[PDB]
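Written below as structure tokens is the structure these notes are about.
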Amino acid sequence: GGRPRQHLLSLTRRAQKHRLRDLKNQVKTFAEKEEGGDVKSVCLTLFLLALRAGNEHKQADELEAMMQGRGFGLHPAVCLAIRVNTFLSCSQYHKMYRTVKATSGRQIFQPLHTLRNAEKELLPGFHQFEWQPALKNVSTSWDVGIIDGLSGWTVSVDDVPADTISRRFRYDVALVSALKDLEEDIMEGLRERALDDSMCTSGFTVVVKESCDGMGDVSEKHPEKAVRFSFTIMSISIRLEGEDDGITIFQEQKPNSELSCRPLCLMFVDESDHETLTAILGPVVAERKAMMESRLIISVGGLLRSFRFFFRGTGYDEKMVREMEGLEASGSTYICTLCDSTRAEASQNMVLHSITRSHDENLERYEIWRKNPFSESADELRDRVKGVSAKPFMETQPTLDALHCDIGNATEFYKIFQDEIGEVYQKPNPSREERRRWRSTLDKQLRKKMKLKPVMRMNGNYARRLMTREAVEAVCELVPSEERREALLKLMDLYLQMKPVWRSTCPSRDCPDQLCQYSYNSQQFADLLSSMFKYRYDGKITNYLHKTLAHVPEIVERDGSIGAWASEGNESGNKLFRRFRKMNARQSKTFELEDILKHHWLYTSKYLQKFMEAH
Amino acid sequence: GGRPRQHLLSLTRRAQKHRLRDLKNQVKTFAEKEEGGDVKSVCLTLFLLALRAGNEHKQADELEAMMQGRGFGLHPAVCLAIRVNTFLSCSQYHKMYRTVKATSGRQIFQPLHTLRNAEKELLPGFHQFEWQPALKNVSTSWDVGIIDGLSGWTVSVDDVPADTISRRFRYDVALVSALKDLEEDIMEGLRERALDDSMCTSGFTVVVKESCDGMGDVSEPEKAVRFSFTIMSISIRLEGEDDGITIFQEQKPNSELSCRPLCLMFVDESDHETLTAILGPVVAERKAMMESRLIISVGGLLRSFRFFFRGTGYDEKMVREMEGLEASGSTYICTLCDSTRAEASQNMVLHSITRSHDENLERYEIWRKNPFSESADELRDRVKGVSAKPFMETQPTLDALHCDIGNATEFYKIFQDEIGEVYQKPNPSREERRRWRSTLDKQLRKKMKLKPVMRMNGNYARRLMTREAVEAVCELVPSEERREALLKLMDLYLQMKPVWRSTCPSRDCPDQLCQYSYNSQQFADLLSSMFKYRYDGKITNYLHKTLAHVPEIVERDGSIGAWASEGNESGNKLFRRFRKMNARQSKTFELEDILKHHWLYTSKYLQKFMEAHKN
Amino acid sequence: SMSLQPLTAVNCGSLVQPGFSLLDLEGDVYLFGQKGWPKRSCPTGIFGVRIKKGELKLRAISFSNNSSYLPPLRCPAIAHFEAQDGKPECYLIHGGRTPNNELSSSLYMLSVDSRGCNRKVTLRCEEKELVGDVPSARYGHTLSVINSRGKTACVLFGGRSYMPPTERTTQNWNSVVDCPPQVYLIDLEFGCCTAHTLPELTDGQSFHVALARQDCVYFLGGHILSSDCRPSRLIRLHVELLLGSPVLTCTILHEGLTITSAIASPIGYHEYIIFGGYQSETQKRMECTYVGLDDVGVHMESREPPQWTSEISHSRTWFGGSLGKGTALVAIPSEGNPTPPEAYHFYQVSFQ
Amino acid sequence: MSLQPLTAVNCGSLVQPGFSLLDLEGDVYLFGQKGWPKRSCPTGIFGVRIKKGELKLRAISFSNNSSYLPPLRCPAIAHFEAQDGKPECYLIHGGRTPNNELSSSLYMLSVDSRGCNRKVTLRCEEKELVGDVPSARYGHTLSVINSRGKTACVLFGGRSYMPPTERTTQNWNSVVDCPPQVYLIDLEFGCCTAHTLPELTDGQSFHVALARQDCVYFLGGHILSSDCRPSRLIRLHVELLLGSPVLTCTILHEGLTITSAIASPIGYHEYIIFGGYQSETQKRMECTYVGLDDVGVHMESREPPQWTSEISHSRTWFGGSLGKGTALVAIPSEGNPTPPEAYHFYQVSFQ
DNA sequence: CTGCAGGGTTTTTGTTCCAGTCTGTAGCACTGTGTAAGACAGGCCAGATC
DNA sequence: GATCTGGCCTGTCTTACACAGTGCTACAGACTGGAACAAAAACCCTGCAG
Ligand SMILES: [Ca+2]
Ligand SMILES: [Ca+2]
Ligand SMILES: [Ca+2]
Ligand SMILES: [Ca+2]
Ligand SMILES: [Zn+2]
Ligand SMILES: [Zn+2]
């Protein structure tokens, strides 16, 4: 008969060897002839490919990790990244940490104190530097961390209150933090571009983008208004040593997305009151002005290397732009921000313009206003000085906005439709309710054709589903005359033709065909407006019209993009700020923003997002 | 020629299968010829031998623990424990997870959907059971889960509308879930008592404690009520002369981590209608449940269960509102005797327990029918304060927390009256009352450092009854006699506070219990001697409670600090924190989320994964 | 015509509950039924009503010694017992649903006994037992008195109820089903009770209004839950009290009306005008309804509806009762956060 | 000696903690509007009128012969007496601007024409300064003197930002009293010259002055460096010993300690005063009446009008002078929420 | 010898289809929150007026 | 020489609206096989190139 067959994994390893000696020696001689006797790797690959037969990837991946080295512990860096990236507050961390730690026998996470120790390498204040020449009226330190913003108001009762609350850094140390962070990426640009290392020590140029926006009435059950002033690295090119008009090394690839907008200052103040805003932002301005002259020295990759700067101040909505620039607010006679036209001198001539507006000449105009060396009259002085009223203080390249960039254009097309329902050049005096009747019939028409329920005000999505040759033809169904229909078709066709040019990121790379052909297209546009629709723009024009027909090509030639400076991006980070406050309150206002900024600036570094693989 | 063949550990799995095809089919034929056609165990044993022949024993032992023993990281159960025990959201959890796996392979945590499948093991509706005998007027179902709380209210606007948002469990299923939770501890208890397991499957005994009191201002309607219960103790009766063997006794019942939620409703505790209209089904459950024997397969053996209930943890206001007695501080105060208000002043201490729930019913029938044709208040006397119909049998006890806070506010206003020389001036002024408020306010602001609120919490009381703080307060009232008098009062109070705070006074302080009668008696004689000016005939409720009834209560019950209501009002903080960071959020769903989370938050099969692997 | 005036209650906003009733005893008007069990301020629940200078005031009522006290029912039935031999003047109440949502199923004969002194009223009750063969517990029905040459009795019909006690289920413990179409001929002395079936009573229903005269009764519109519909038919029974079997017959009318949870106003002996309740499950009626009746027949024609305010024509629901003799009280559930806490504005309507 | 509340009807959000006021030819003019002027009003000078207890406002304008003025915050005010050659005027210098830079440029403000319909015209001749010019500084004071017999002007007080050699951008909003050297201002030529005396041991701020017949008397103030609130009431005597602007000074004993004063004269040289604060936590509450003659100043305390409690427990306050024993004060109005009108007004008067 | 064009060689890697199987993510229903576009009132200035 | 109203201008509520956060779910795309195949990497190896 014989001994009954037992399952091989229940017998001792001696009986397993007895019953598997045949296959053991077979695989031995097979490995000798095929792979040079590498028995362990061959039996590993066979065990794996047998595991995947039953679609059981999991345990095979686990054991694969048990092989080719080990990853028992977690890099403290990634661990701090995982506390921040998820808004986990301190004690929350400590709790989950104790849990997992004494769960299974190994220190998978790192604990608090070592986390914070390793973290202190990432805030401002950790990489010494010189400055050539030494800075103009600037502190000498390089470890000075989070300075309170108040900037030493003697708490004296007599004067303007010192109750305002503020926390920030020193601009320079912030810049050096961001750069010393980005060492990995700059060395990647070096390895890609195939450029020397001993001959890349001087000719750098970093473009740094400023931005400031108000932020209203932080909602908390239990200290409402807020202002956040931040910057963002944009590009770094080479300049050594021949012609090299420009060789970019690291161009940011998600310009606006709040993942890259490093906060620098925060103040429980209101967007409105010029006073306290300047009273804090002064130091920042002083540094900025003082910095652009000198050049910067920093060790990166062992070689101390040089850095210059140019600044593109863009990130503001028009109110802030008038404020810093000194022009009225807002629906003024000096409607533009680059030309000087009123409404009218933009109405007769629309696009045949030239940008001249500049900072130091605004200073000049202001001095002229104050002294009035020609002793002319009030409105005389206003017009002869081009609407400057107040001594501005901060250089801002007053660029067009990308975020709206349409909403005036939207509501303008909306009104135009409502009027082409009507007959304006036959009845140039419509009444109160007839325009409403026409609007309602237009809206019901659209609702029946393009599924766009009526609105009160123009969001983006509304406009984007509006500006369609399809919606054009659908609304044309309503206008009677077979003639003006095709006219506005030509109109909206040109407008569609030109939209992406300004909402682009790099038309010099994206779609240069319209860019090169743009100016003539804008000309045809203005022609159609003045010829077929003069009834409405005799002397008054919408704000954004001046921009969108004025300087878009000239601005792009000045810079080379539009969206790559829109503060629309910063408007995201408000979601961050508010939640951070809701989930990492201290909470006394003195340390409230202290920790807010600490955690925020932590959130916004490359170093950690690189550990956000999800790959 | 031929391309050089690289090491086997670098090739792709398609190229690896093509390189190994020969030995792959050879291992297939060897497994099929000699091992019953199972290649998986064959290659497992082969990799085992190729490792163990290399004396790299750690890696092979870890592999052998991974197979047939659940390695695969840490656990699904511990994972859910972490995910709840620190409030991490679902997006939060997944973001942590895909990171912690992305870098540092060998995934530790588990994805979400595996926790979706895991949760089905701890909610209600999973472990089968039945009643012996079957249950009257309760459904035959057992696999149901979270039930819409209305009990299926007819929506017809003619009747009272279904204006309420409420979800709950099926009380019996909640019970069986909590019991099958306590299986680990009951098995260890059968161990420790040196008791058999296959035998003694007949005399199990469970006691259940249940409480309910909501909170105000849940907003930014607005109120809520929370009815929850907690397994208290569990003992065994077999089989005769043996009075019983306490198997498990809850070691920290007063704290949060044992308060299983069972119903929640957006109702006020005031409008007595919607309250019963919801809580009805629980009433039917309780009533029909007192008799039948429960049967669960715990520890492999389906064993009998009985039930005694002890309804305790309602704060006094509701205890009236559920005993239909006059609301609330009228001449009838003692919830346990027939005593008047004044008959508690003439005699304060010598009273017998008379209140019998079923006699409250049978006397409410005497109220209604009036067999002796008595007038209104004569009948109020003849029934001894019974007005409404009793609705829920509450065991005749009191809470610890609200009783001691009432003592705290009583001694608070005793200070606010002794700071006035009121024993000479019998009628103080309201504005002088407010100024005595302010002077005692700065008094306790100078020493012991506590703040003013218009309504009081627990720490205020526990640090408010101490002797050196009394001497910090005695330093104002001028007399030398009254100071020593009420300091003797504070001392005698410390002779008795942990007597009702006792968990088992026959252990913690039998000297303070056996002398309790004499302490209360000296208390009463002092009130009659030196403070009779205030307690001529007007007494406060909690004072009578703590003075005349404590001894018989503990003598019959076993403790008072046991059945206390600490957990409820304290964990409504956790309710709030839940609705904050875990809601859906939408009315009909806020609960069906909150309840799942709450009942999850409180299972031993999790809490052990915080303490048991902490020490 | 008919007219409305916006009122305001001075010191009462928490006694009136979604359901209540109204009663006239000897020209004197009494509210009934409060939210929450009796407070110490009034151990009765009955309240004197008053409407002056746009203000709504209230007062407490009292009882005798042989007067058993009454639990605060919410939606009972009502029928004025005509003041006659021997004991005027009763006002029967039964049996509604209780605060603890049970059903009392108890007949309470309520009347006035003495006065004053100073506008003061003293009442009594006799919770009468039912010998039978009694009607079961239920609610939402209505009943009225009849006289058959010349015996006098009182009869009920209708109502909903909880599920039968066997099939009752803890997850359905609050749903309700309509009563079986069996009418109960209620003697008062003695308190005998007898149930009667009607073969043409195609189904039970609820929430109907009805009135009797000279031993013949007409039942108006309510609701049937079988189809979730509201029949606009009308029914009529011709019944008398023959010794000793009070033989009874009933039959259908061609067309009645579609009203639910109405407001019954008297003007005269049997001339009534109704203020309407609800048309359908979400659309309430708005118009009046005059109904003449006699031994020739019921003769019916609409009336002119007043001009409602913005709120009542835009609120979700309303309810109220009649102060008697063409005078009435209504209520609107208010909307406010903060609560005023006046959740109920008050209007008064009348005739001419 | 009484108070009465006012009502900020509208235009309330345009008055800020610090500002100035000028009485001239009836109409009183507010100065120092928060933020740069709007197109609502180009100049910034507002005309204020008050009827039945209302606080209403109207805008002003200039001729072409005029310069346009920055809305300075805490300048120094000085009344030019009406006589030859060009009466009459008010002098301002130099305060801080809505941008925290500083003027160092006095202006000579006057009225020009009216009405026709009750309307006013002004001009603003900035007077260029040769010297030895004063450096920009604020909170300081100026005064006018007419010394046998030509008229000139005297400056004193002031803090600033540290000189731009230790101008430190962490402290870039510090302050420290300028070295106390008086300056002498002739109208034309603007022969500005510095002087001092050893008695001028240290210089103060927020100290209201008062002059008459070229013998000036300095009132209570404060010094940061020593953190004291000294009592050093001073007298100083000047005269034009051409070609020498000879000066003499002397300390006097009695000097009250009251900061941020509110000066409303009534008599020829009689000044009833409020005073902002007693100590840098505890405000002053009581009034003050000040005589002075060729013998000298003589003190007295009149009756304090009954401040409502709401002002009594304020954290701060300030005010200005409406003229003739009557004046205007303001409260930072704490409301939950803000109205956003942060300033109720109570009116004050004499007898 | 070099030089490249490209012939051989084995070895990556995709390559096609049908039945499963896991999982990562987008879509859905949902009311709290900031908002800025617009209705507006109400005040002011010039025009017609007293 | 002083008063009254339409046009209009500018600060002010207010209210539609996006949009963000959270569980839940559904679906789609990566994962299993046998043959039979271009197309390329880089060793080699010839063969026409001086
Ligand atoms: Ca903004
Ligand atoms: Ca914004
Ligand atoms: Ca309570
Ligand atoms: Ca409470
Ligand atoms: Zn321009
Ligand atoms: Zn008692």
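To match Swiss-Prot, the residue numbers of chain A are left as they are there, and the shown ones run 408-629, 636-1028.
Header says: electron microscopy, 4.2 Å.
Cβ from N, Cα, C; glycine included.
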Check: Swiss-Prot records A:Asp730, A:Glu984 as divalent metal cation-binding residues. Which of A:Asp603, A:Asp604, A:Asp620, A:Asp856 is assigned to the same site?
Finding: A:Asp620
Margin query: Excluding near sequence neighbours, so keeping only residues 6 or more apart in the same chain, what lies with its CB under 8 A of A:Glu984 (divalent metal cation binding site)?
Written below: A:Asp620, A:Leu816
Margin query: Let's check the environment of A:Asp620 (divalent metal cation binding site): how many other CB atoms sit within 10 Å of its CB?
Written below: 20
Next item on the list: Please report, as a whole number of Å, how far the Cα of A:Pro636 is from the Cα of A:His629, with 6 residues unmodelled between the two.
Entry: 9
Notebook entry, point to check: Looking at Cβ-Cβ distances, which residues of the chain lie under 8 angstroms from A:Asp730 (divalent metal cation binding site) while being 6 or more apart from it?
Noted result: A:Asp620, A:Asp814, A:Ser980
Next item on the list: Tell me the residue counts in helix, strand and coil for the DNA-binding region (A:408-475), as DSSP assigns them.
Entry: 48 helix, 0 strand, 20 coil
